[PDB]
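First comes one chain, alone, set out as structure tokens in the form deposited in one PDB entry.
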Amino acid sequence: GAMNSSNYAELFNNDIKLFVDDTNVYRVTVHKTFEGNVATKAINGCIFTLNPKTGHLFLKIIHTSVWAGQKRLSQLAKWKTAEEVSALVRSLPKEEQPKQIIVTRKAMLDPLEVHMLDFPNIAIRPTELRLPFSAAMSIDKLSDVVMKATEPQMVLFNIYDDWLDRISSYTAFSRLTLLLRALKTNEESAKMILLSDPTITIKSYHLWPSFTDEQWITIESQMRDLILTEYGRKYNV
């Protein structure tokens, strides 16, 4: 069934699972035409497919050419997502295939279930968690590879960098969702927090800065302050 706060440690057990977020697959800019009508222009997108235990991120870049000449793109995007996740699973050795796939949006259930009929033993599940994976395009290195793609492309990342050398998966996921939630709530402020100190840099092979354990505690506090601040600004509290 559905994933929520009651069964949260399930994410970090030894059953391979993947989150799939489709919120950045079909992306557009809306603009006025010369005649004063409105039109959309697609930009490159991405499927966010994440193993929450290991940090492995399968970023399938969705190039705007896939929409050419297609209708009902928001519907098609869910089916294209499901097609690409099914292809990913089929590409993996049997012992690496997930036992469960958790979709962040319930509209993905039927598309994905239909594409995964060949895998009756892979459970397709919704979640009641509101996860901030739409903010993945606020991670500079992810946004860059997506926008620079000239063709469909799969890129593999570890979204935890090397954190698992020092902290558990549960703690790594909590840090990741805190960072992404902050970036979703106020991207400018969040990125300022992450970079305000030039002596801490992002390794070439990393996505986030090389904070010490003590610096992470400070950073994490500043992100909670940011989220509380914006919550007050928003609701006037």
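For every residue, the number given is its place in the sequence shown, counted from 1.
Note that the form solved in complex with a small molecule isn't included here; everything after this is about it.
Consider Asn44 of the chain shown here, and say whether it contacts the small molecule in the deposited complex, taking contact as heavy atoms within 4.5 Å.
So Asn44 does not count as contacting the small molecule.
Can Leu156 be called a contact residue for the small molecule in the deposited complex at 4.5 Å between heavy atoms?
Result yes; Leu156 sits at the interface with the small molecule in the deposited complex.
Any non-hydrogen atom of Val20 within 4.5 angstroms of the small molecule in the deposited complex
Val20: no contact with the small molecule in the deposited complex.
Contact flag, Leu92 vs the small molecule in the deposited complex, heavy atom cut 4.5 Å
Residue-level check for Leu92: yes, a contact with the small molecule.
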